[PDB]
Amino acid sequence: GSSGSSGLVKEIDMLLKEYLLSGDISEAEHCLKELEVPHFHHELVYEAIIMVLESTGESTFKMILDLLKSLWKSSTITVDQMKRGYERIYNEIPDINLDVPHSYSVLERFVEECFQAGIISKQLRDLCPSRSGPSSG
């Protein structure tokens, strides 16, 4: 097969992987910029969200949450570059709802915090998928 340097989209992933293994937004920040690939930003955000839905434990939820936040405020990610990430998910959530049922919920929770942080728009906050079911007290 391919030993290494097979796909580019992978570059983004790896970065996030190390960010979670190390736990330092600063590091990721540099790594990203070091990739000199701005056109490959919309993907990053998309992957991050997938990490929280795919992975279990408030851990990823937090780290990832802050990751996107900081990076954004760090004039690294533009509104759009961020909006795209969410959209793809809201539309690609169907395939994720297969293995990840809570996905819908987990996503709503993650997106919520983001909105408050002031990184996304009301369009995204709402766009997020919402299915009535367990929601009960």
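The deposited coordinates for this entry were obtained by solution NMR.

## Quick look at helix α2 (residues 25-34)
Buried within α2 are the following residues: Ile-25, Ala-28, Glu-29 and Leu-32. Buried residues along α2 cover an arc of 105° about the axis, so they all sit on one side. Among the exposed residues of α2, those pointing more than 90 degrees away from its buried face are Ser-26, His-30 and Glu-34. For α2, the elements touching its buried residues are α1 (9-22), α3 (41-54) and α4 (58-73). Within two residues after α2, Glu-36 carries a phi angle of roughly 45°, on the positive side.

## Description of the nonpolar core
Within the largest apolar cluster, 39 residues are counted, with the highest numbers of intra-cluster contacts made by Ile-64, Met-82, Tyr-86, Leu-107 and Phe-110. For this core, the secondary-structure elements that each account for two or more residues are α1, α2, α3, α4, α5 (79-99) and α6 (103-117). No other element matches the nine residues that α3 contributes to this core. Ignoring any residue separated from it by four or fewer positions in sequence, one finds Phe-110 in contact with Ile-49, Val-52, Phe-61, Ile-64, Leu-65, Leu-68 and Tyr-86.

## Looking at the packing of α3 against α6
Where α3 meets α6, the axes come as close as 9 Å, and the angle between the chain directions of the two elements is 125°. Relative to α6, α3 is oriented oblique. Regarding α3 and α6, the two cross each other, and that crossing is right-handed. Across from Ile-49, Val-52 and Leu-53 in α3, the residues of α6 making contact are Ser-103, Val-106, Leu-107 and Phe-110. Along the lines of polarity and charge, the residues of the contact of α3 with α6 split into six nonpolar, one polar and no charged.

## Thoughts on the packing of α1 against α3
Contact pair α1 / α3: the axes reach a minimum separation of 10 Å and the direction vectors enclose 45°. Judged on the interaxial angle alone, α3 and α1 are oblique. For α1 against α3, the interelement crossing comes out right-handed. Mapping the contact onto sequence places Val-9, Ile-12, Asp-13, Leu-16, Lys-17 and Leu-20 in α1 and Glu-43, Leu-44, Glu-47, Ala-48 and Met-51 in α3. When its residues are assigned to classes, the contact of α1 with α3 shows seven nonpolar, no polar and four charged.

Scoring rules and cut-offs
Residues numbered from 1 in each chain as written, not as in the entry; some residues may be left out. Heavy atoms only, no water. Buried < 20%, exposed > 50% of the residue type's maximum accessible area, 1.4 Å probe, protein only. Helix = DSSP H or I, 4+ residues; strand = E, 2+ residues; numbered from the N terminus. Arc of directions from axis to C-beta. Contact = heavy atoms within 4.5 Å. Core = buried A, V, L, I, M, F, W, Y, C linked by side-chain atoms within 4.5 Å. Axes fitted to C-alpha atoms, helices over the stretch in contact; angles between N-to-C directions. Parallel < 35°, antiparallel > 145°, perpendicular 65-115°, else oblique. Left-handed = near helix turned anticlockwise from the far one by under 90°. Nonpolar A, V, L, I, M, F, W, Y, C, P; charged D, E, K, R; others polar.

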